[PDB]
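Visitor: Here it is, the structure, as structure tokens.
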Amino acid sequence: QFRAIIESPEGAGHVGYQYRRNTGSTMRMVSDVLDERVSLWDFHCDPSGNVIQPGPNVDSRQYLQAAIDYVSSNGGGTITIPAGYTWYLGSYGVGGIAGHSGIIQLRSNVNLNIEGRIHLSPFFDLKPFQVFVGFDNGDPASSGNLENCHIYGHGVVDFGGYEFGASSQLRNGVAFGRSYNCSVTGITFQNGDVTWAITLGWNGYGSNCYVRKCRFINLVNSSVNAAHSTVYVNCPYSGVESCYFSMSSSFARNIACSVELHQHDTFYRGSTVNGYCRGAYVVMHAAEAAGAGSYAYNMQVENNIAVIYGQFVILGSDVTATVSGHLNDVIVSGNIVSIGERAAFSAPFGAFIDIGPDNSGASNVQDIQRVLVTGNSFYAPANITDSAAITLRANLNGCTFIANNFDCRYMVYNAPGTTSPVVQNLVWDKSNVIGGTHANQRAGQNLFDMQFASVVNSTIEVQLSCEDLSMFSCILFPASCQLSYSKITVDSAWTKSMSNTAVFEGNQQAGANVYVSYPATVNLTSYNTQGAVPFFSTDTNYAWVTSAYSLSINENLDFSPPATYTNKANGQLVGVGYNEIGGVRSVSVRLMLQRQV
Amino acid sequence: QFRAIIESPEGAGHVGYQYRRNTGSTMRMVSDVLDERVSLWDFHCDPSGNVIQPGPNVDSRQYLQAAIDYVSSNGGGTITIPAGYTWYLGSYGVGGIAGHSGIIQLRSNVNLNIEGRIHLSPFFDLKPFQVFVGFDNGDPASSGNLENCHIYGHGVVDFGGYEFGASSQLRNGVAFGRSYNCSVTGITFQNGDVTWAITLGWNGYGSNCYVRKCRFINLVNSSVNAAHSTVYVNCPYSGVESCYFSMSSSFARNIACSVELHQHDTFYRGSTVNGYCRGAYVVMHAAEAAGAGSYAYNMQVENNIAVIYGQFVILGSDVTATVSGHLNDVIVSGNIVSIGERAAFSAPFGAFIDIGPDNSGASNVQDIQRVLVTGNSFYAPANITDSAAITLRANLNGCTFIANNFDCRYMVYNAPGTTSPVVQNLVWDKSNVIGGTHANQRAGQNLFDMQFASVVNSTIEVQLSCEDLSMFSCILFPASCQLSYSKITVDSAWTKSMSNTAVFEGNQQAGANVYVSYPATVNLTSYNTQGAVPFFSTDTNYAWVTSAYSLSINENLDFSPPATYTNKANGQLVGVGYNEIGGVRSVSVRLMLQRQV
Amino acid sequence: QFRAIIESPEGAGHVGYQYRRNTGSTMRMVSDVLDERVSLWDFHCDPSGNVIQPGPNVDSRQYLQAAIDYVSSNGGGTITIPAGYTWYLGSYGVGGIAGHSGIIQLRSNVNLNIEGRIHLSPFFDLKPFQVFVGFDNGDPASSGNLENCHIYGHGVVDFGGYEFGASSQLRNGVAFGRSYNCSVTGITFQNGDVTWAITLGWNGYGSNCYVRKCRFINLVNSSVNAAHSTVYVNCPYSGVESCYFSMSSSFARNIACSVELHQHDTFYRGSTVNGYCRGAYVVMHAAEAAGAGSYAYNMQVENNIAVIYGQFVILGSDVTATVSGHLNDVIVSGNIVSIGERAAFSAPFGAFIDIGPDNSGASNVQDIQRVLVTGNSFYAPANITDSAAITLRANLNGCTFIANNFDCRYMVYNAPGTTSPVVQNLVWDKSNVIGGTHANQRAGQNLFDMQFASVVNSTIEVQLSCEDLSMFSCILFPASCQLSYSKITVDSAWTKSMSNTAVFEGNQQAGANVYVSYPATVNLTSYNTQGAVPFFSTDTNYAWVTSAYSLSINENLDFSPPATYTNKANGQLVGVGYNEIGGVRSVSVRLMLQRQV
Ligand SMILES: CC(=O)N[C@@H]1[C@@H](O[C@H]2O[C@H](CO)[C@H](O[C@H]3O[C@H](CO[C@@H]4O[C@@H](C)[C@H](O)[C@@H](O)[C@H]4O)[C@@H](O)[C@H](O)[C@H]3O)[C@H](O[C@@H]3O[C@H](CO)[C@@H](O)[C@H](O)[C@H]3NC(C)=O)[C@H]2O)[C@H](O)[C@@H](CO[C@H]2O[C@H](CO)[C@@H](O)[C@H](O)[C@H]2O)O[C@H]1O
Ligand SMILES: CC(=O)N[C@@H]1[C@@H](O[C@H]2O[C@H](CO)[C@H](O[C@H]3O[C@H](CO[C@@H]4O[C@@H](C)[C@H](O)[C@@H](O)[C@H]4O)[C@@H](O)[C@H](O)[C@H]3O)[C@H](O[C@@H]3O[C@H](CO)[C@@H](O)[C@H](O)[C@H]3NC(C)=O)[C@H]2O)[C@H](O)[C@@H](CO[C@H]2O[C@H](CO)[C@@H](O)[C@H](O)[C@H]2O)O[C@H]1O
Ligand SMILES: CC(=O)N[C@@H]1[C@@H](O[C@H]2O[C@H](CO)[C@H](O[C@H]3O[C@H](CO[C@@H]4O[C@@H](C)[C@H](O)[C@@H](O)[C@H]4O)[C@@H](O)[C@H](O)[C@H]3O)[C@H](O[C@@H]3O[C@H](CO)[C@@H](O)[C@H](O)[C@H]3NC(C)=O)[C@H]2O)[C@H](O)[C@@H](CO[C@H]2O[C@H](CO)[C@@H](O)[C@H](O)[C@H]2O)O[C@H]1O
Ligand code: NA
Ligand code: NA
Ligand code: NA
Ligand code: NA
Ligand code: NA
Ligand code: NA
């Protein structure tokens with residue numbers, strides 16, 4: 001009678017226990033203590049309650065769902081996915097997650113400690129899927145929330161290596177949904193062809209979601225894959241920290257991005273990226289503004305390490321029929337980034353910052369301002385023509401660069417015959433150091449190629465740190481680019497032998513509120529008079545010059561040209577030199593031309 | 001006979017077990033394995049040992065204390081506070097923690113894994129409390145240490161929403177006490193009116209205490225609350241990382257600070273703050289110097305994200321009758337901070353850095369030096385008159401600003417008719433970018449308003465990046481401010497139309513060791529002579545000028561004024577221009593005035 | 001019959017259990033649930049299976065190894081080392097780890113949760129040891145890999161305080177070996193005399209190894225100890241974050257370094273160091289290039305806090321007979337570092353950055369370039385003569401400094417009569433702030449002491465922020481140092497009273513592509529003529545000057561010297577001043593001398 005009870009499933013509920021024989025402790029039963037924890041083993045059984053061994057011919061989905069459902073009913077807990085086993089998933093889930101191609105439905109307060117491996121079975125080959133889904137409805141707008149759900153451990157989610165079946169399909173690892181206080185920590189996501197590994201939030205709904213100390217390895221493998229971003233952050237007060245991202249496929253170099261930050265108060269820090277096209281999108285989509293407003297602000301990309309083939313940070317905002325998105329108050333700092341070894345033009349255009357047009361290619365919808373890019377290093381190998389500190393391809397309302405080291409082909413670039421951005425408040429401080437890797441590679445090119453509709457309230461302080469006499473100019477403005485209320489300077493160091501330093505093809509440097517200085521070579525002739533004697537430029541293209549001074553030595557004993565010059569109404573420079581002996585003098589001098597500076 | 005044993009509390013101690021049937025493993029009893037873990041359930045029982053269910057009518061305090069006391073007696077371990085339950089605390093603790101209004105006493109090597117919720121019962125309404133206390137004596141000076149105590153998990157400490165009863169009361173979540181190697185990780189502290197959530201150390205006693213990945217939500221709710229700082233770090237080699245802080249109450253905007261760093265080798269990094277008055281105090285109180293000395297050095301505030309209503313970082317030090325506090329070797333970097341939407345003067349004065357007078361208002365006790373503020377961004381909306389990069393309100397022995405982006409009303413500010421700080425070694429590098437949000441808002445205001453007793457060994461390199469013709473001046477020194485051994489420059493860009501650029505109301509720019517340059521408009525007249533001809537200023541206020549040069553074009557054909565000028569004993573400027581044709585000339589020219597630069 | 005089964009080691013395998021009486025759960029036995037976890041207690045038994053209590057007279061090694069071996073055989077898991085006990089190790093391991101003086105052999109997928117203490121017994125006194133070893137062969141080249149091995153918890157590894165027996169011995173805590181996805185988290189390593197606490201990887205073999213939230217306390221204690229580096233990172237995609245390092249021994253101040261980064265894509269962040277000689281080596285040893293190539297790139301040292309006695313970051317690379325090592329793409333940012341209180345020359349030369357010769361002292365093997373040092377603060381007390389922002393002691397192919405605050409004796413230093421580095425692409429931006437702690441201490445010293453074979457493509461923009469008239473010069477080039485294609489400037493602020501500002505002992509400033517400016521005092525005499533009149537320098541050492549301008553006021557009424565000057569063939573300066581009344585004039589003027597700038 002007793003023996004029957006003990007051998008039955010209620011047996012442990014009849015064996016008494018008291019902690020460490022402490023007479024002050026609770027008099028419990030063994031089952032009570034065992035009930036303090038829970039694992040997949042407690043649900044991975046047949047209809048008679050006999051345990052089933054996991055394996056490639058067993059679909060563990062229903063058992064894991066039963067475990068989640070049950071623990072949810074008790075107000076939460078943590079379910080262990082045991083180490084030393086691979087648990088295969090081989091069918092779709094049902095109900096609310098079916099509209100998301102869901103496999104498992106996550107529930108509030110139910111954490112998963114993944115110590116073993118979770119693997120997708122070949123049922124999923126060529127099919128869409130989202131492995132873990134926190135939505136509870138096929139329509140995310142009708143979904144309830146997921147709260148207090150954490151996935152962590154030393155285990156692995158393996159996507160089975162299966163290619164996408166069609167470019168239009170979506171695949172995801174964890175979609176937390178309308179997610180509040182959810183996180184993934186320590187998990188390795190590997191061996192797939194997916195759209196995302198993890199998505200946080202839904203159109204601004206959610207908060208306090210984080211991805212920390214995760215690894216993402218080889219998650220693009222085919223030409224069918226339309227696009228890949230490993231973590232898409234779509235709720236505020238959320239971010240990615242201390243993660244590792246690696247791709248090996250050729251396709252990843254063209255399509256894969258590590259992180260996207262799509263809502264305010266989000267961050268991407270302390271991570272390492274290899275083999276990707278792009279580092280991070282930092283954007284406000286008007287279409288995603290429902291949950292947290294139409295502004296992406298307090299956006300932080302800091303202290304990351306990356307080898308990429310396209311652009312590191314892409315900035316943007318856009319509009320819908322009724323909502324306008326805005327991006328402001330962004331900081332990009334402490335990152336060390338290189339374009340990996342590749343042929344020129346063999347991947348999307350290399351850039352540290354890209355100001356990206358919208359998804360339809362429009363460059364006149366953006367509202368991007370108050371961005372600080374500081375204390376970063378960027379490098380691109382000498383052969384990579386398509387590399388720039390900033391590719392400025394859409395309207396920009398402000399971006400500030402201070403104290404970076406940029407070693408690539410271009411500093412500021414946009415292509416002519418493409419977009420014509422309207423640029424305001426572009427600040428390039430003199431503390432940005434321009435590297436020399438691309439010296440001698442710049443035939444026919446302008447280091448700062450200002451291919452814009454207009455530039456206002458901008459500062460470009462060019463400072464070279466080595467010679468590059470191959471370049472056509474340091475900075476060039478086409479006649480089509482209006483320039484006003486701006487400061488453009490070219491420091492003289494390493495420029496003595498340059499034919500062109502700053503070029504203004506529409507003579508824009510003459511503007512009332514343009515403040516400019518740059519070196520030029522000027523031919524002068526003096527009057528004959530002995531003593532104090534004027535020297536005048538032969539050319540008459542200096543009506544805009546407020547002062548100029550000598551950057552040349554005087555090889556003569558019998559006279560000296562002026563140290564400094566002003567101009568005249570007819571566009572000549574004029575200054576007072578000294579003829580020890582009389583005579584008409586003719587000299588060619590290197591001058592720093594200055595306007596209002 | 002056997003049946004009786006099995007059903008008794010020693011039953012599990014009679015059921016044999018060997019790990020995975022391994023014949024090489026220990027032959028144990030089931031109780032031995034169960035004894036490897038411990039939970040509140042093992043102590044949450046009545047005097048007959050029957051388990052008690054937690055709930056709002058059950059006071060769990062004595063049971064949790066019994067658990068802590070017992071595990072301590074075995075040299076430590078980790079007690080789980082089970083998920084799926086709310087455990088209410090409804091009485092004060094006894095003994096050493098009673099002097100601290102303590103609820104639970106923490107003990108060395110006894111960790112708490114909080115997975116469920118800990119809630120305060122209405123017994124605590126209008127009363128003081130400190131929930132977890134690591135002191136073992138009512139007098140902290142007589143207390144032993146708390147060592148190796150970690151509180152972690154996915155659970156929650158909820159303060160029940162109760163208001164303070166009186167402003168003089170104190171409330172805290174965790175007071176680790178004289179704490180060595182203690183930490184809180186992952187916990188959410190919420191729904192209260194408290195002084196602090198967590199305090200680390202006691203007057204410099206302690207080491208290696210940390211708060212990581214915690215959330216602090218809505219911890220001020222009344223006008224009775226005197227003051228709130230969420231984490232107060234009062235031992236060295238300690239800090240706060242990757243935390244989230246949010247307040248929603250109006251009162252929090254006026255009284256709440258996220259962190260205070262009060263001892264050397266402390267840090268605050270990677271955190272996000274919303275709804276607070278202040279970011280962090282970084283201070284050395286002489287009254288707190290007992291355990292780790294009278295110097296706060298190696299203080300780090302980095303890579304945080306904040307929306308606040310008052311000051312981001314407040315620096316200070318002070319004295320007692322017998323001890324002098326010193327603050328030095330501080331770094332504030334990578335932070336992105338905004339003043340939230342508010343009316344001018346509706347919260348404490350907005351600032352990125354504040355040099356704060358002591359608790360009695362004294363501005364002549366401080367010893368603050370070797371501070372680096374670099375690579376931060378600050379923004380305040382255009383209407384917020386009371387916003388400054390630095391409010392410099394007490395004596396300052398040094399602070400260095402490099403490569404920040406400050407977009408607010410003032411750069412350097414102090415109020416006239418208040419304190420008169422003595423300032424040394426204030427360095428504002430030219431790489432600080434001054435934003436344009438407050439353009440046109442500055443009528444009657446000085447961008448750098450130097451309301452100090454004196455300034456020495458300081459550098460202010462003003463560089464505008466857009467026009468603001470509303471401001472009275474870029475930088476102004478009242479006659480009461482001595483200025484010596486300093487460099488003050490105003491770059492000409494965007495200044496052509498400014499009536500005043502740099503203003504020295506006591507003519508302080510004439511000092512022997514003052515190095516200055518700024519733009520001015522000067523009226524000149526020449527002699528009649530044809531050829532090389534002198535031009536002289538009409539005014540005689542330039543006896544201090546070492547050189548000047550033209551920032552204006554010359555619209556004339558028949559003559560040119562000098563490109564460059566020196567001065568004369570009588571205070572006139574003089575230079576040599578050129579009269580192609582003779583005649584007295586009279587011109588008004590924009591000049592860069594230079595002294596010793 | 002039943003009673004016998006129940007009391008036997010298979011007893012728990014006969015007591016039934018079903019989770020929380022859920023009829024949908026697996027019908028299990030108690031043993032199945034207990035088998036979900038494992039501890040040292042399951043293996044710490046005698047040959048009859050009776051548990052053995054740990055203690056100082058019990059060697060726990062064989063039992064822990066048995067536990068690891070068994071769990072490995074089941075595909076992994078986590079073994080707990082129980083809290084409340086000290087587990088002593090008192091013998092060497094056997095097999096593959098014997099060649100490494102190994103104690104315990106780690107195995108793939110077998111994690112250790114150390115909650116208690118692991119202590120070395122006096123068997124190890126005066127002997128070599130490596131406590132945990134992941135190699136499986138005495139020859140690391142013949143070793144298999146260690147994968148997915150994590151050591152974590154609140155516990156402690158204590159090295160027993162034993163001194164090294166001989167300098168040639170090696171001691172280590174954790175050698176992960178050829179290690180992929182291995183980590184140590186939360187552990188305190190203390191009380192020893194060891195070579196390393198943790199090593200990651202082997203000669204570039206390994207990946208994704210990390211040390212996080214560990215403490216390292218008092219790990220050098222004798223003069224026998226040859227060298228100590230607490231963590232040596234010898235695989236890529238690996239790093240150290242949020243750790244604490246402290247030493248108290250005098251010997252540690254001379255020999256101990258906190259971290260070494262020896263492979264690409266490695267990092268050291270967010271850590272605090274006290275009592276060490278050095279912060280981090282960042283190097284590529286040719287001898288270590290087998291697993292990951294001959295380039296150390298993407299090296300990050302960020303946001304650390306340190307008090308050290310020697311050098312913070314040491315850069316280097318070297319060669320073997322057949323392999324050349326290269327170091328490039330490095331970032332050092334956000335660190336706050338001081339040289340601790342010590343006598344001048346009482347520890348290795350104080351430096352923020354050191355360019356270190358190879359292990360044989362060779363300075364002509366290095367290939368170091370594309371290094372960015374930005375946003376750091378460094379301080380050394382006034383008495384410490386041997387303190388420098390950079391000690392540049394070996395060939396350097398590039399290093400860029402932007403926006404740092406350096407407060408120490410020297411900015412750039414190398415000793416004369418030692419190495420003669422060949423320097424390229426050294427960039428010192430004007431945004432580096434030079435502190436004043438060492439003002440008045442610099443008799444006979446050059447702030448930038450350019451003791452090199454040659455300097456090319458370099459920039460030194462000196463900006464003082466206070467006076468130091470004690471120094472011999474701001475920057476000095478000996479005649480032995482070639483200088484070409486470089487920019488050297490000394491801002492005039494705080495220099496008026498300096499006898500020497502920039503010194504070129506070989507007249508190197510005359511080079512065709514040298515761009516220089518600095519202040520000097522010049523004696524001039526004029527001709528007698530009334531009106532516009534030339535002034536000429538008495539000395540003829542200005543043939544290299546392209547322009548000069550006045551930094552002095554003119555105390556005269558009757559004349560003015562020129563505001564600006566050029567030169568003549570004979571090396572005189574010449575400019576045009578103005579004699580209101582005639583007469584030969586003689587003046588001594590402070591000028592800014594400019595060449596090509
Ligand atoms: C892969 C990726 O992240 N690409 C981004 C791109 O994102 C957009 O394209 C995606 C393509 O996969 C997504 O669109 C697909 O998915 C949508 C969402 O799926 C439905 O809803 C979810 C919740 C549900 O589980 C599913 O079952 C579906 O029912 C589909 O509606 C759409 O048809 C698909 O093509 C992505 O959608 C977002 O996905 C996230 C994460 O899952 C969700 O949280 C959002 O709700 C959802 N958003 C919307 C509006 O539906 C698309 O947003 C980015 O747009 C670009 C950004 O870069 C570009 O724009 C900026 C700003 O103007 C410019 O600066 C750049 O220059 C320009 O290139 O980047 C890609 O990398
Ligand atoms: C809320 C807060 O942190 N405010 C700080 C302010 O701190 C001071 O005021 C506090 C008000 O709550 C504290 O004072 C109260 O508490 C003291 C401590 O309580 C006793 O001791 C503890 C251990 C015990 O558990 C309790 O039961 C009590 O017996 C009381 O003695 C005092 O009477 C109360 O008003 C705070 O005290 C410190 O608290 C910490 C954390 O608990 C303890 O570790 C310290 O031991 C204790 N220190 C002392 C000396 O007792 C007070 O320090 C700060 O002073 C200011 C700093 O800013 C100001 O000064 C700087 C530097 O000069 C300037 O730059 C600024 O401009 C100026 O404003 O900031 C507030 O935010
Ligand atoms: C203590 C320390 O880290 N010092 C470094 C120094 O490192 C070199 O010296 C070490 C002295 O302890 C090591 O050498 C010893 O150990 C070697 C390895 O041991 C064997 O192999 C291991 C795997 C096995 O378990 C053991 O049982 C042994 O069989 C011995 O071969 C050698 O004889 C010992 O002296 C260190 O070796 C490396 O150790 C790591 C970690 O264990 C291993 O992963 C590597 O395989 C091993 N490397 C090699 C090549 O064997 C030595 O590398 C550094 O060299 C210097 C760097 O600074 C100097 O050089 C740079 C670059 O040129 C310059 O810029 C500097 O100016 C110059 O000073 O720093 C010391 O702090
Ligand atoms: Na869908
Ligand atoms: Na245009
Ligand atoms: Na008290
Ligand atoms: Na005064
Ligand atoms: Na060996
Ligand atoms: Na030489």
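For the structure tokens, the naming scheme is as follows: chains receive sequential letters (A, B, ...) according to their order of presentation, residues are indexed from 1 within each chain, and ligands are indexed from 1 in presentation order.
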Looking only at the backbone, which of the residues in segment 131-343 of chain C does DSSP tag as helix (DSSP H, G or I), as a list in words?

Guide: residues 140, 141, 142, 252, 253, 254, 255, 286, 287 and 288 of chain C

Visitor: Could the residues that lie within 10 Å of ligand 7, counting only C-alpha atoms and all ligand atoms, be listed as JSON, numbers by chain?

Guide: {"B": [420, 421, 422, 451, 452, 453, 454, 455, 478, 479, 480, 481, 482, 483]}

Visitor: Taking a cut-off of 7 Å and counting only C-alpha atoms, can you build a table that, for each residue of chain B near chain C, reports the nearest atom pair and how far apart they are in Å (one decimal), sorted by chain then residue number, as a Markdown table?

Guide:
```
| residue | atom | partner | partner_atom | distance |
| --- | --- | --- | --- | --- |
| B:14 | CA | C:7 | CA | 5.9 |
| B:15 | CA | C:7 | CA | 5.0 |
| B:16 | CA | C:9 | CA | 4.3 |
| B:17 | CA | C:9 | CA | 4.4 |
| B:18 | CA | C:9 | CA | 5.2 |
| B:19 | CA | C:35 | CA | 6.0 |
| B:20 | CA | C:35 | CA | 5.8 |
| B:25 | CA | C:43 | CA | 4.9 |
| B:26 | CA | C:49 | CA | 4.6 |
| B:27 | CA | C:49 | CA | 5.1 |
| B:30 | CA | C:12 | CA | 6.8 |
| B:74 | CA | C:84 | CA | 6.1 |
| B:75 | CA | C:84 | CA | 4.4 |
| B:76 | CA | C:84 | CA | 5.2 |
| B:77 | CA | C:83 | CA | 5.4 |
| B:298 | CA | C:305 | CA | 6.5 |
| B:331 | CA | C:336 | CA | 6.8 |
| B:333 | CA | C:334 | CA | 6.8 |
| B:372 | CA | C:377 | CA | 6.9 |
| B:374 | CA | C:375 | CA | 6.3 |
| B:402 | CA | C:403 | CA | 6.0 |
| B:403 | CA | C:403 | CA | 6.6 |
| B:429 | CA | C:431 | CA | 6.7 |
| B:431 | CA | C:431 | CA | 6.7 |
| B:457 | CA | C:466 | CA | 5.4 |
| B:458 | CA | C:465 | CA | 6.9 |
| B:459 | CA | C:465 | CA | 6.8 |
| B:487 | CA | C:493 | CA | 6.4 |
| B:515 | CA | C:493 | CA | 6.0 |
| B:532 | CA | C:532 | CA | 6.4 |
| B:544 | CA | C:553 | CA | 6.6 |
| B:545 | CA | C:553 | CA | 6.3 |
| B:546 | CA | C:553 | CA | 4.5 |
| B:547 | CA | C:550 | CA | 6.0 |
| B:564 | CA | C:563 | CA | 6.1 |
| B:565 | CA | C:563 | CA | 5.5 |
| B:566 | CA | C:563 | CA | 5.2 |
| B:567 | CA | C:554 | CA | 5.8 |
| B:568 | CA | C:557 | CA | 5.3 |
| B:569 | CA | C:555 | CA | 4.8 |
| B:570 | CA | C:557 | CA | 6.6 |
| B:595 | CA | C:551 | CA | 6.7 |
| B:596 | CA | C:551 | CA | 4.3 |
| B:597 | CA | C:492 | CA | 5.7 |
```

Visitor: Include C-alpha atoms and write out the residues we just selected as a PDB file, in the first residue's frame.

Guide:
```pdb
ATOM      1  CA  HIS B  14      17.120   7.561   4.025  1.00  0.00           C
ATOM      2  CA  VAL B  15      16.530   7.373   0.236  1.00  0.00           C
ATOM      3  CA  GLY B  16      19.762   6.547  -1.544  1.00  0.00           C
ATOM      4  CA  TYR B  17      21.100   8.298  -4.623  1.00  0.00           C
ATOM      5  CA  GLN B  18      24.084   8.014  -6.916  1.00  0.00           C
ATOM      6  CA  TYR B  19      24.567  10.491  -9.766  1.00  0.00           C
ATOM      7  CA  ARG B  20      23.371   9.108 -13.092  1.00  0.00           C
ATOM      8  CA  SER B  25      30.039   8.599  -7.855  1.00  0.00           C
ATOM      9  CA  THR B  26      29.340   9.321  -4.217  1.00  0.00           C
ATOM     10  CA  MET B  27      26.728   7.180  -2.541  1.00  0.00           C
ATOM     11  CA  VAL B  30      18.314  12.470  -1.559  1.00  0.00           C
ATOM     12  CA  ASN B  74      27.270  27.546   7.288  1.00  0.00           C
ATOM     13  CA  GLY B  75      29.748  29.952   5.666  1.00  0.00           C
ATOM     14  CA  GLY B  76      27.384  31.300   3.050  1.00  0.00           C
ATOM     15  CA  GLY B  77      25.385  30.332  -0.002  1.00  0.00           C
ATOM     16  CA  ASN B 298      39.900  58.721 -10.684  1.00  0.00           C
ATOM     17  CA  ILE B 331      36.838  62.364 -16.762  1.00  0.00           C
ATOM     18  CA  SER B 333      33.227  61.660 -21.753  1.00  0.00           C
ATOM     19  CA  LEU B 372      38.616  66.541 -18.444  1.00  0.00           C
ATOM     20  CA  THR B 374      35.556  65.624 -23.669  1.00  0.00           C
ATOM     21  CA  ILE B 402      37.950  69.520 -25.463  1.00  0.00           C
ATOM     22  CA  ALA B 403      35.917  68.341 -28.436  1.00  0.00           C
ATOM     23  CA  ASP B 429      39.640  74.492 -26.494  1.00  0.00           C
ATOM     24  CA  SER B 431      37.469  72.154 -30.779  1.00  0.00           C
ATOM     25  CA  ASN B 457      45.873  80.575 -16.440  1.00  0.00           C
ATOM     26  CA  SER B 458      42.741  80.132 -18.505  1.00  0.00           C
ATOM     27  CA  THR B 459      41.999  79.657 -22.182  1.00  0.00           C
ATOM     28  CA  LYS B 487      44.362  83.470 -23.671  1.00  0.00           C
ATOM     29  CA  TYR B 515      46.960  87.056 -25.013  1.00  0.00           C
ATOM     30  CA  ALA B 532      53.041 104.945 -49.636  1.00  0.00           C
ATOM     31  CA  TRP B 544      47.285  97.264 -26.054  1.00  0.00           C
ATOM     32  CA  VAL B 545      47.186  96.044 -29.672  1.00  0.00           C
ATOM     33  CA  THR B 546      50.343  94.363 -30.980  1.00  0.00           C
ATOM     34  CA  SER B 547      49.021  93.862 -34.510  1.00  0.00           C
ATOM     35  CA  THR B 564      48.169  95.230 -41.378  1.00  0.00           C
ATOM     36  CA  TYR B 565      48.616  97.649 -38.507  1.00  0.00           C
ATOM     37  CA  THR B 566      50.585  98.189 -35.366  1.00  0.00           C
ATOM     38  CA  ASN B 567      50.004 100.805 -32.704  1.00  0.00           C
ATOM     39  CA  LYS B 568      51.459 104.030 -31.333  1.00  0.00           C
ATOM     40  CA  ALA B 569      52.030 105.311 -27.804  1.00  0.00           C
ATOM     41  CA  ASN B 570      48.864 107.416 -27.859  1.00  0.00           C
ATOM     42  CA  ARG B 595      47.569  91.160 -28.634  1.00  0.00           C
ATOM     43  CA  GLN B 596      50.653  88.957 -28.299  1.00  0.00           C
ATOM     44  CA  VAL B 597      49.147  86.374 -30.657  1.00  0.00           C
TER      45      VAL B 597
END
```

Visitor: Using only C-alpha atoms and all ligand atoms, which residues of the polymer chains come no farther than 8 Å from ligand 8? I'd like the answer as an mmCIF file with C-alpha atoms, in the first residue's frame.

Guide:
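Everything below was put into selection.cif:
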```cif
data_model
loop_
_atom_site.group_PDB
_atom_site.id
_atom_site.type_symbol
_atom_site.label_atom_id
_atom_site.label_comp_id
_atom_site.auth_asym_id
_atom_site.auth_seq_id
_atom_site.Cartn_x
_atom_site.Cartn_y
_atom_site.Cartn_z
ATOM 1 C CA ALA C 98 51.629 17.371 -17.270
ATOM 2 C CA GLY C 99 53.804 19.205 -19.796
ATOM 3 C CA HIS C 100 52.099 22.438 -18.646
ATOM 4 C CA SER C 101 52.555 21.777 -14.897
ATOM 5 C CA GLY C 138 52.129 18.505 -23.654
ATOM 6 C CA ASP C 139 52.965 20.096 -27.012
#
```

Visitor: Of the candidates C:119, C:543, C:109, C:224, which shows the shortest atom-to-atom distance to residue 156 of chain A, using only C-alpha atoms?

Guide: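 Closest to residue 156 of chain A of all the choices is C:109.
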